[PDB]
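Here the structure comes first, spelled out in structure tokens, and everything after it is commentary.
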Amino acid sequence: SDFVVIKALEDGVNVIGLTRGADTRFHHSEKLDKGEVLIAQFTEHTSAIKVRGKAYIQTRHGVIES
Amino acid sequence: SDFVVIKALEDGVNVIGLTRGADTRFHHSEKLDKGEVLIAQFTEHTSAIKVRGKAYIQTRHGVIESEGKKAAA
Amino acid sequence: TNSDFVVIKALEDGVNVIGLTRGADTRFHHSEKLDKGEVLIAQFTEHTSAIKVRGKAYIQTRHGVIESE
Amino acid sequence: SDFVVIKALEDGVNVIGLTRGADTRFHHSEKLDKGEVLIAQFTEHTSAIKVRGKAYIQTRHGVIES
Amino acid sequence: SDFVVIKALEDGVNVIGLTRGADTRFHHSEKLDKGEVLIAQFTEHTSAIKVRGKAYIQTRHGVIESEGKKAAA
Amino acid sequence: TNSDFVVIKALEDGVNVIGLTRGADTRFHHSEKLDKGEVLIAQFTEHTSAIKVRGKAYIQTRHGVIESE
Amino acid sequence: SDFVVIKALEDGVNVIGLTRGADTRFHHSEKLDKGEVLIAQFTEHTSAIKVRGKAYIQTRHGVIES
Amino acid sequence: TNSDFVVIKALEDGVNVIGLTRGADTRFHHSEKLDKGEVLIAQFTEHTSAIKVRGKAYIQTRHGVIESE
Amino acid sequence: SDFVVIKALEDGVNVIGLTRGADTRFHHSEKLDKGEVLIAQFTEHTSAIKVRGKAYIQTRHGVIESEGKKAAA
Amino acid sequence: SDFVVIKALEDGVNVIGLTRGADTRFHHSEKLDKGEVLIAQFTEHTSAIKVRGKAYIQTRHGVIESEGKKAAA
Amino acid sequence: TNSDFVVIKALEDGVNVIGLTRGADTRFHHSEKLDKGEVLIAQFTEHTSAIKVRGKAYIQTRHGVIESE
Amino acid sequence: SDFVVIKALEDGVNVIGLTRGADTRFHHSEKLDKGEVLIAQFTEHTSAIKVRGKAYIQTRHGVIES
Ligand SMILES: N[C@@H](Cc1c[nH]c2ccccc12)C(=O)O
Ligand SMILES: N[C@@H](Cc1c[nH]c2ccccc12)C(=O)O
Ligand SMILES: N[C@@H](Cc1c[nH]c2ccccc12)C(=O)O
Ligand SMILES: N[C@@H](Cc1c[nH]c2ccccc12)C(=O)O
Ligand SMILES: N[C@@H](Cc1c[nH]c2ccccc12)C(=O)O
Ligand SMILES: N[C@@H](Cc1c[nH]c2ccccc12)C(=O)O
Ligand SMILES: N[C@@H](Cc1c[nH]c2ccccc12)C(=O)O
Ligand SMILES: N[C@@H](Cc1c[nH]c2ccccc12)C(=O)O
Ligand SMILES: N[C@@H](Cc1c[nH]c2ccccc12)C(=O)O
Ligand SMILES: N[C@@H](Cc1c[nH]c2ccccc12)C(=O)O
Ligand SMILES: N[C@@H](Cc1c[nH]c2ccccc12)C(=O)O
Ligand SMILES: N[C@@H](Cc1c[nH]c2ccccc12)C(=O)O
């Protein structure tokens, strides 16, 4: 399955998983402090991922930094 | 399964999921504040995605950037 | 590549993106209005086998771009 | 499935679906006025598409404009 | 499933579908007037397609243009 | 790539495109006549496992071109 | 399935199908006269093809001419 | 491409590579400590659907490199 | 299913099919005279092919030409 | 099924297989002396591999060389 | 790519190409002798999971060439 | 399945197959003398291969020589 790479560029970045299915709510928020990296898949439970805070992000479509 | 990457370039960008099926309504609107990013898949429940507000958008087909670049890729 | 979609960015107000029914019959089942700079990323689906766009729009598909509309 | 992109370059372009199966007749004609775009799949019901009028057409094989 | 793109460059171009099976007959002839386009698939019923008349033709294998370009691609 | 086909353009009158039967036996089952500039796009099929072309023709297959015949 | 393209460069070229299975014998010989083309698949009945006479041959591996 | 993995090389002592549980709940199930120059090649699996790395590390995934950490 | 192309560059080139299974024997030797070509598949019965005699050989892995070119491809 | 190539550049390089499942322990450590090579797959039993010691490592994602090159590929 | 094979051209007399048995046990099951310029195109199979070549040979596999032996 | 190519660059190179499954032990060691080549698959019984001695090795990931 597809995955996303997120590197926090400041303290307190949040990577938030939104629930798969008819209903949509946040099911988990992972905090990242400056420099820390999360590599996260889309899954049975997660069909959208929201990133809050300054981050460098890689997906299959390329890079987004800031 | 395809996904879209959306970066908000203003506050209050709305990423709107429309229902898969005979009927089309929005089932969810996810708000993004400036600089926030949403990576959203098409799914059993969402077969079209509408973005309202200045956004930088990447899909498999390329990049669309409000008031900026539009490039096939 | 087991599902495809179209990207539509409105270049003026009042753009419409219209889904045509899959099957023996062909009728408009939904028209989605876009104002200037709004983006619709829409799949072909069990219910939609053709998409019509009216108004000035920038469109991306697997086949490339059609712009300045 | 394969799809075709058609942009009308004048008013009154017609995109016509021809029926799949042993019999061949037109089952639908979609009118396009100048500048309007139809993105149409091949389907269970449509195995050939005919375009009448001045159009810019994209398929997997490339572009045909005029 | 393969398809062919045919553009008529004169009136009365005939795109002829021949029957899939032990026997070969034409089951349909679709007439194109000049500048009209037919995008036709091979199918359960059509296993060969004959084009009579000046036409610009694209397939997976390339382009054939009456009195013009023939290019592999 | 789950089915293949051959493109044959006649460069003179009286070109023949001939299908040979699939199976233990091999016989001509159909000859299709092409006049100058006529095009045949023909698949390999349940019934046709070899194709013979006689006369001057431009031919395209997955393997490339054979022309000036 | 794979196929071979053979163009006869002189009269009397023979394209010969050899039988698939434990036994190997010629099951068919197609004669080609100068300029004629045979496009032949590997099949249930044919697992090797022999070309006799001057020919220009294309396969997935490239061209052999002479 | 029916399974993916991440390569993590520690650029300092005390790097941690942390697996997050697959499923409705998300919790750290294992933290693997790496000292300077140690390498972990770790798959996504039935039990691990997200990986967190803390500390200075060079990382390779299918999407490319993230370094100087 | 892979195949090999063999062109004989002398008379009496032997293309030898060896048996698929626990045991290895030649089950067939096809003789090629100079300039003849054999396009032979691996099959349920043939899991190795030996060529004896000057030959130009193409496979998926490249070209081997007796007293000439050897090239990966 | 992915595999990793590990070349030891000192004695006593340890290639450590960690267990596939809810629990993570090392089930095996294969020692390599300088210049020895291990080509190891991920498997039903091994879902992560740890390398301790100076090593030249190749995977699908590229090359990592202790005190040397790191290159995506 | 659902089956692979190796190409071996002997560059001297007495080259041997040796098949090693697939399964729990590993033993030579066949040695095929090649004289100078003879070519063997040999698959991996239900019975052969490793191939040993002794003597001077030019070899092609999916991974490239190994020559001047 | 994947395979490895090993060419011995000195006498007495050993190519060692390690067992697939929960247990890991050497199940076979093939000796190669200078210049000899082993082309070895990963299999039901072999999920890791160890090479001892000076060798030129090719895999899908490239070459390692020395
Ligand atoms: N338990 C979550 C873990 C996860 C994967 N990707 C995520 C993205 C954001 C938050 C959590 C996750 C799941 O399997 O779905
Ligand atoms: N619960 C929604 C989450 C979602 C995915 N993509 C979206 C796009 C827009 C809005 C919501 C979503 C679903 O699985 O479909
Ligand atoms: N309910 C519609 C939503 C949709 C998808 N693609 C569209 C294109 C145009 C209009 C509506 C749509 C469907 O699933 O088919
Ligand atoms: N109801 C038609 C819609 C359609 C798809 N492609 C077309 C091309 C032309 C006309 C109509 C169509 C169908 O599903 O087949
Ligand atoms: N009813 C025909 C339509 C068709 C498809 N391709 C064609 C080419 C030529 C003529 C007719 C056709 C069929 O499904 O086969
Ligand atoms: N009825 C023939 C039509 C055909 C396809 N390809 C051909 C090539 C040559 C002659 C006839 C054909 C068939 O289905 O097999
Ligand atoms: N009846 C033969 C036709 C054929 C295909 N390829 C050939 C090559 C040579 C001779 C005959 C053939 C078969 O289906 O196998
Ligand atoms: N009857 C043999 C024909 C054959 C195919 N490839 C070969 C190579 C060499 C000799 C014979 C063959 C078989 O099907 O296996
Ligand atoms: N009977 C052997 C033939 C063979 C194929 N590849 C080989 C390599 C070496 C020696 C023999 C072979 C087999 O099917 O396995
Ligand atoms: N037992 C864990 C091992 C593992 C794989 N990838 C990981 C990443 C981080 C931590 C542990 C792991 C699992 O199979 O899931
Ligand atoms: N009998 C062993 C043969 C083998 C394949 N690859 C190897 C690598 C090393 C040692 C032996 C082997 C097996 O099938 O697994
Ligand atoms: N018996 C182990 C062998 C193994 C494969 N890859 C490894 C990596 C490290 C240590 C051991 C291994 C297994 O099949 O999983």
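Simple scheme: letters A, B, ... for chains in structure tokens order, numbers from 1 for residues in each chain, numbers from 1 for ligands in the order shown.
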Checklist entry - So which residues touch residue A:36 within 12 Å, counting only C-alpha atoms, skipping near sequence neighbours fewer than 4 positions away, as an MDAnalysis selection string? => result (chainID A and resid 5:15 30:32 54:56) or (chainID H and resid 15:18 51:59 66:69)
Tell me, counting only C-alpha atoms and all ligand atoms, for each residue of chain E within 12 Å of ligand 4, which pair of atoms is nearest and how far apart they are in Å to one decimal, in rows ordered by chain and increasing number, as JSON lines.
```
{"residue": "E:38", "atom": "CA", "partner": "ligand 4", "partner_atom_place_in_ligand_line": "9 (C)", "distance": 11.1}
{"residue": "E:39", "atom": "CA", "partner": "ligand 4", "partner_atom_place_in_ligand_line": "8 (C)", "distance": 10.0}
{"residue": "E:40", "atom": "CA", "partner": "ligand 4", "partner_atom_place_in_ligand_line": "8 (C)", "distance": 11.1}
```
Next on the checklist: Which of chain L end up as strand (DSSP E) when DSSP is run on this backbone - answer as an MDAnalysis selection string?
Outcome noted: chainID L and resid 3:8 13:19 26:32 37:41 46:52 55:59 62:65
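With only C-alpha atoms as the basis for measurement, F:9 is the residue among F:29, F:47, F:9, F:22 that approaches residue F:65 most closely.
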Next on the checklist: Hey, which residues sit close to ligand 12? Say within 7 Å, counting only C-alpha atoms and all ligand atoms, and write them as a list in words.
Outcome noted: residues 15, 16, 17, 28, 29, 30, 40, 41, 42, 43, 44, 45, 46 and 49 of chain J; 18, 19, 20, 21, 22, 23, 24, 47 and 48 of chain L
Residues up to 12 Å from ligand 10, counting only C-alpha atoms and all ligand atoms: could you list those as a PDB file with C-alpha atoms, in the first residue's frame?
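Written out: out01.pdb:
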```
ATOM      1  CA  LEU A  38       7.268   9.328  10.506  1.00  0.00           C
ATOM      2  CA  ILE A  39       6.750   6.888   7.671  1.00  0.00           C
ATOM      3  CA  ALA A  40       3.047   6.081   7.595  1.00  0.00           C
TER       4      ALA A  40
ATOM      5  CA  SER H   3       5.847  -5.344   0.048  1.00  0.00           C
ATOM      6  CA  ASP H   4       7.833  -2.273   1.145  1.00  0.00           C
ATOM      7  CA  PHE H   5      10.601  -1.452   3.574  1.00  0.00           C
ATOM      8  CA  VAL H   6      12.633   1.444   4.903  1.00  0.00           C
ATOM      9  CA  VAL H   7      16.419   1.664   5.363  1.00  0.00           C
ATOM     10  CA  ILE H   8      17.635   3.563   8.453  1.00  0.00           C
ATOM     11  CA  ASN H  16      15.444   4.918  17.930  1.00  0.00           C
ATOM     12  CA  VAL H  17      13.345   3.199  15.332  1.00  0.00           C
ATOM     13  CA  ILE H  18       9.823   2.681  16.571  1.00  0.00           C
ATOM     14  CA  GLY H  19       7.069   0.483  15.145  1.00  0.00           C
ATOM     15  CA  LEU H  20       3.451   1.595  15.510  1.00  0.00           C
ATOM     16  CA  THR H  21       0.716  -1.042  15.628  1.00  0.00           C
ATOM     17  CA  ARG H  22      -1.476  -1.801  12.625  1.00  0.00           C
ATOM     18  CA  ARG H  27       0.643   2.392  20.065  1.00  0.00           C
ATOM     19  CA  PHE H  28       4.429   1.878  20.047  1.00  0.00           C
ATOM     20  CA  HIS H  29       5.030  -1.908  20.021  1.00  0.00           C
ATOM     21  CA  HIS H  30       8.811  -1.913  19.724  1.00  0.00           C
ATOM     22  CA  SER H  31      11.676   0.542  19.878  1.00  0.00           C
ATOM     23  CA  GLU H  32      14.913  -0.524  18.306  1.00  0.00           C
ATOM     24  CA  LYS H  33      18.030   1.364  19.415  1.00  0.00           C
ATOM     25  CA  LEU H  34      20.798   2.052  16.908  1.00  0.00           C
ATOM     26  CA  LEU H  40      18.070  -1.258  10.214  1.00  0.00           C
ATOM     27  CA  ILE H  41      16.173  -2.522   7.157  1.00  0.00           C
ATOM     28  CA  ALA H  42      12.586  -2.786   8.338  1.00  0.00           C
ATOM     29  CA  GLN H  43       9.397  -3.832   6.502  1.00  0.00           C
ATOM     30  CA  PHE H  44       5.831  -2.698   6.835  1.00  0.00           C
ATOM     31  CA  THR H  45       4.049  -5.805   8.024  1.00  0.00           C
ATOM     32  CA  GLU H  46       0.815  -7.286   9.447  1.00  0.00           C
ATOM     33  CA  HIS H  47       1.784  -5.700  12.768  1.00  0.00           C
ATOM     34  CA  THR H  48       3.553  -2.473  11.732  1.00  0.00           C
ATOM     35  CA  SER H  49       1.886   0.160   9.567  1.00  0.00           C
ATOM     36  CA  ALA H  50       3.916   3.233  10.599  1.00  0.00           C
ATOM     37  CA  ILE H  51       7.546   3.731  11.605  1.00  0.00           C
ATOM     38  CA  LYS H  52       8.909   6.653  13.676  1.00  0.00           C
ATOM     39  CA  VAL H  53      12.635   7.531  13.738  1.00  0.00           C
TER      40      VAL H  53
ATOM     41  CA  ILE J  16      20.625  -9.786  12.820  1.00  0.00           C
ATOM     42  CA  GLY J  17      17.233 -11.202  11.786  1.00  0.00           C
ATOM     43  CA  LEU J  18      14.292  -9.913  13.793  1.00  0.00           C
ATOM     44  CA  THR J  19      11.086 -11.900  14.163  1.00  0.00           C
ATOM     45  CA  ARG J  20       7.971 -11.330  12.060  1.00  0.00           C
ATOM     46  CA  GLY J  21       4.891 -10.957  14.301  1.00  0.00           C
ATOM     47  CA  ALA J  22       3.411  -9.033  17.246  1.00  0.00           C
ATOM     48  CA  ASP J  23       6.692  -9.513  19.112  1.00  0.00           C
ATOM     49  CA  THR J  24      10.122  -8.387  18.044  1.00  0.00           C
ATOM     50  CA  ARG J  25      13.241 -10.371  19.141  1.00  0.00           C
ATOM     51  CA  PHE J  26      16.334 -11.410  17.233  1.00  0.00           C
ATOM     52  CA  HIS J  27      16.031 -15.035  16.187  1.00  0.00           C
ATOM     53  CA  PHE J  42      12.899 -11.046   4.092  1.00  0.00           C
ATOM     54  CA  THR J  43      10.787 -14.096   4.792  1.00  0.00           C
ATOM     55  CA  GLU J  44       7.875 -15.546   6.796  1.00  0.00           C
ATOM     56  CA  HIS J  45      10.166 -15.433   9.837  1.00  0.00           C
ATOM     57  CA  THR J  46      12.254 -12.283   9.325  1.00  0.00           C
ATOM     58  CA  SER J  47      10.620  -8.882   8.795  1.00  0.00           C
ATOM     59  CA  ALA J  48      13.520  -6.603   9.779  1.00  0.00           C
ATOM     60  CA  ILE J  49      17.276  -6.943   9.490  1.00  0.00           C
ATOM     61  CA  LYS J  50      19.815  -5.080  11.578  1.00  0.00           C
TER      62      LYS J  50
END
```
Please return as a PDB file with N, CA, C and O atoms, in the first residue's frame the residues found within 6 Å of ligand 1, counting only C-alpha atoms and all ligand atoms.
```pdb
ATOM      1  N   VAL A  15       0.878  14.522  12.985  1.00  0.00           N
ATOM      2  CA  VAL A  15       0.455  13.724  11.836  1.00  0.00           C
ATOM      3  C   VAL A  15      -0.799  13.011  12.308  1.00  0.00           C
ATOM      4  O   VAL A  15      -0.776  12.287  13.307  1.00  0.00           O
ATOM      5  N   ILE A  16      -1.891  13.227  11.595  1.00  0.00           N
ATOM      6  CA  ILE A  16      -3.210  12.857  12.072  1.00  0.00           C
ATOM      7  C   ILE A  16      -3.832  11.847  11.093  1.00  0.00           C
ATOM      8  O   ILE A  16      -3.873  12.090   9.884  1.00  0.00           O
ATOM      9  N   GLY A  17      -4.329  10.723  11.616  1.00  0.00           N
ATOM     10  CA  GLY A  17      -4.946   9.724  10.768  1.00  0.00           C
ATOM     11  C   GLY A  17      -6.437   9.933  10.856  1.00  0.00           C
ATOM     12  O   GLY A  17      -7.000  10.091  11.956  1.00  0.00           O
ATOM     13  N   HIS A  28      -6.148   9.137  15.495  1.00  0.00           N
ATOM     14  CA  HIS A  28      -4.832   9.187  16.109  1.00  0.00           C
ATOM     15  C   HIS A  28      -4.098  10.434  15.664  1.00  0.00           C
ATOM     16  O   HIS A  28      -4.204  10.819  14.512  1.00  0.00           O
ATOM     17  N   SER A  29      -3.380  11.067  16.591  1.00  0.00           N
ATOM     18  CA  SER A  29      -2.459  12.172  16.257  1.00  0.00           C
ATOM     19  C   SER A  29      -1.043  11.866  16.797  1.00  0.00           C
ATOM     20  O   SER A  29      -0.841  11.692  18.018  1.00  0.00           O
ATOM     21  N   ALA A  40       4.382   6.564   7.251  1.00  0.00           N
ATOM     22  CA  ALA A  40       3.047   6.081   7.595  1.00  0.00           C
ATOM     23  C   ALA A  40       2.322   5.588   6.365  1.00  0.00           C
ATOM     24  O   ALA A  40       2.266   6.287   5.368  1.00  0.00           O
ATOM     25  N   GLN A  41       1.754   4.393   6.455  1.00  0.00           N
ATOM     26  CA  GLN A  41       0.927   3.819   5.366  1.00  0.00           C
ATOM     27  C   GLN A  41      -0.534   4.282   5.403  1.00  0.00           C
ATOM     28  O   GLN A  41      -1.060   4.704   6.455  1.00  0.00           O
ATOM     29  N   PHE A  42      -1.195   4.207   4.256  1.00  0.00           N
ATOM     30  CA  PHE A  42      -2.645   4.111   4.228  1.00  0.00           C
ATOM     31  C   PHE A  42      -3.014   2.660   4.561  1.00  0.00           C
ATOM     32  O   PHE A  42      -2.326   1.741   4.176  1.00  0.00           O
ATOM     33  N   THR A  43      -4.099   2.469   5.289  1.00  0.00           N
ATOM     34  CA  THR A  43      -4.378   1.165   5.883  1.00  0.00           C
ATOM     35  C   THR A  43      -5.885   0.902   5.858  1.00  0.00           C
ATOM     36  O   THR A  43      -6.645   1.738   5.382  1.00  0.00           O
ATOM     37  N   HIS A  45      -7.645   1.187   8.418  1.00  0.00           N
ATOM     38  CA  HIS A  45      -8.230   2.150   9.358  1.00  0.00           C
ATOM     39  C   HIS A  45      -7.989   3.608   8.995  1.00  0.00           C
ATOM     40  O   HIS A  45      -8.611   4.514   9.591  1.00  0.00           O
ATOM     41  N   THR A  46      -7.049   3.834   8.084  1.00  0.00           N
ATOM     42  CA  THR A  46      -6.604   5.217   7.743  1.00  0.00           C
ATOM     43  C   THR A  46      -6.632   5.450   6.234  1.00  0.00           C
ATOM     44  O   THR A  46      -5.814   4.885   5.492  1.00  0.00           O
ATOM     45  N   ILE A  49      -4.536  11.360   5.613  1.00  0.00           N
ATOM     46  CA  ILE A  49      -3.560  11.766   6.632  1.00  0.00           C
ATOM     47  C   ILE A  49      -3.406  13.283   6.558  1.00  0.00           C
ATOM     48  O   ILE A  49      -3.234  13.815   5.480  1.00  0.00           O
TER      49      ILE A  49
ATOM     50  N   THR H  21       1.611   0.069  15.891  1.00  0.00           N
ATOM     51  CA  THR H  21       0.716  -1.042  15.628  1.00  0.00           C
ATOM     52  C   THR H  21      -0.246  -0.779  14.484  1.00  0.00           C
ATOM     53  O   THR H  21      -0.829   0.296  14.386  1.00  0.00           O
ATOM     54  N   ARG H  22      -0.408  -1.787  13.634  1.00  0.00           N
ATOM     55  CA  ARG H  22      -1.476  -1.801  12.625  1.00  0.00           C
ATOM     56  C   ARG H  22      -2.833  -2.050  13.296  1.00  0.00           C
ATOM     57  O   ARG H  22      -2.938  -2.858  14.216  1.00  0.00           O
ATOM     58  N   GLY H  23      -3.872  -1.375  12.818  1.00  0.00           N
ATOM     59  CA  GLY H  23      -5.235  -1.614  13.304  1.00  0.00           C
ATOM     60  C   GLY H  23      -5.927  -0.380  13.835  1.00  0.00           C
ATOM     61  O   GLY H  23      -5.453   0.766  13.630  1.00  0.00           O
ATOM     62  N   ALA H  24      -7.059  -0.597  14.518  1.00  0.00           N
ATOM     63  CA  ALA H  24      -7.865   0.525  15.011  1.00  0.00           C
ATOM     64  C   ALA H  24      -7.094   1.354  16.014  1.00  0.00           C
ATOM     65  O   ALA H  24      -7.210   2.569  16.029  1.00  0.00           O
ATOM     66  N   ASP H  25      -6.301   0.704  16.853  1.00  0.00           N
ATOM     67  CA  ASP H  25      -5.491   1.396  17.841  1.00  0.00           C
ATOM     68  C   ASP H  25      -4.064   1.651  17.321  1.00  0.00           C
ATOM     69  O   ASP H  25      -3.553   0.913  16.472  1.00  0.00           O
ATOM     70  N   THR H  26      -3.446   2.704  17.818  1.00  0.00           N
ATOM     71  CA  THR H  26      -2.071   3.042  17.445  1.00  0.00           C
ATOM     72  C   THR H  26      -1.228   3.231  18.706  1.00  0.00           C
ATOM     73  O   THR H  26      -1.438   4.194  19.460  1.00  0.00           O
ATOM     74  N   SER H  49       2.429  -0.608  10.688  1.00  0.00           N
ATOM     75  CA  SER H  49       1.886   0.160   9.567  1.00  0.00           C
ATOM     76  C   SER H  49       2.418   1.608   9.552  1.00  0.00           C
ATOM     77  O   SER H  49       2.054   2.418   8.679  1.00  0.00           O
ATOM     78  N   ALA H  50       3.252   1.933  10.532  1.00  0.00           N
ATOM     79  CA  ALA H  50       3.916   3.233  10.599  1.00  0.00           C
ATOM     80  C   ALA H  50       5.219   3.086  11.376  1.00  0.00           C
ATOM     81  O   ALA H  50       5.318   2.279  12.294  1.00  0.00           O
TER      82      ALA H  50
END
```
Item to check | Between atom CA of residue L:1 and atom 14 (O, counted along the ligand's line) of ligand 11 - distance in Å to one decimal | outcome: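 Distance reported for this atom pair: 11.5 Å.
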Next on the checklist: Quick one: residues within 8 Å of residue J:59, only C-alpha atoms, excluding same-chain residues fewer than 2 positions away - as a ChimeraX atom specification?
Outcome noted: /J:3-5,57,61-63 /L:61
Selection file, N, CA, C and O atoms, as a PDB file, in the first residue's frame:
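Output contents, as saved in result_25.pdb:
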```
ATOM      1  N   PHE J   3      15.374  -8.662  -0.945  1.00  0.00           N
ATOM      2  CA  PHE J   3      16.559  -9.163  -0.265  1.00  0.00           C
ATOM      3  C   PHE J   3      17.580  -8.034  -0.091  1.00  0.00           C
ATOM      4  O   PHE J   3      17.464  -6.966  -0.698  1.00  0.00           O
ATOM      5  N   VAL J   4      18.551  -8.254   0.787  1.00  0.00           N
ATOM      6  CA  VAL J   4      19.577  -7.250   1.064  1.00  0.00           C
ATOM      7  C   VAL J   4      20.896  -7.956   0.802  1.00  0.00           C
ATOM      8  O   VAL J   4      20.997  -9.181   1.032  1.00  0.00           O
ATOM      9  N   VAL J   5      21.873  -7.212   0.301  1.00  0.00           N
ATOM     10  CA  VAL J   5      23.246  -7.699   0.110  1.00  0.00           C
ATOM     11  C   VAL J   5      24.114  -6.984   1.121  1.00  0.00           C
ATOM     12  O   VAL J   5      24.091  -5.761   1.183  1.00  0.00           O
ATOM     13  N   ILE J  57      26.330  -2.128   1.969  1.00  0.00           N
ATOM     14  CA  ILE J  57      24.979  -2.690   1.902  1.00  0.00           C
ATOM     15  C   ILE J  57      24.265  -2.225   0.620  1.00  0.00           C
ATOM     16  O   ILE J  57      24.249  -1.029   0.353  1.00  0.00           O
ATOM     17  N   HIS J  61      16.578   0.120  -2.715  1.00  0.00           N
ATOM     18  CA  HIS J  61      16.468   1.579  -2.546  1.00  0.00           C
ATOM     19  C   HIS J  61      17.788   2.293  -2.768  1.00  0.00           C
ATOM     20  O   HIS J  61      17.841   3.539  -2.772  1.00  0.00           O
ATOM     21  N   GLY J  62      18.849   1.508  -2.902  1.00  0.00           N
ATOM     22  CA  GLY J  62      20.186   2.054  -3.050  1.00  0.00           C
ATOM     23  C   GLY J  62      21.275   1.425  -2.205  1.00  0.00           C
ATOM     24  O   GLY J  62      21.137   0.305  -1.659  1.00  0.00           O
ATOM     25  N   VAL J  63      22.379   2.163  -2.130  1.00  0.00           N
ATOM     26  CA  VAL J  63      23.623   1.686  -1.546  1.00  0.00           C
ATOM     27  C   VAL J  63      23.891   2.507  -0.301  1.00  0.00           C
ATOM     28  O   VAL J  63      23.712   3.735  -0.309  1.00  0.00           O
TER      29      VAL J  63
ATOM     30  N   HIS L  61      20.599  -6.130  -7.547  1.00  0.00           N
ATOM     31  CA  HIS L  61      21.031  -4.819  -7.032  1.00  0.00           C
ATOM     32  C   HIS L  61      22.365  -4.341  -7.592  1.00  0.00           C
ATOM     33  O   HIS L  61      22.785  -3.209  -7.345  1.00  0.00           O
TER      34      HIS L  61
END
```
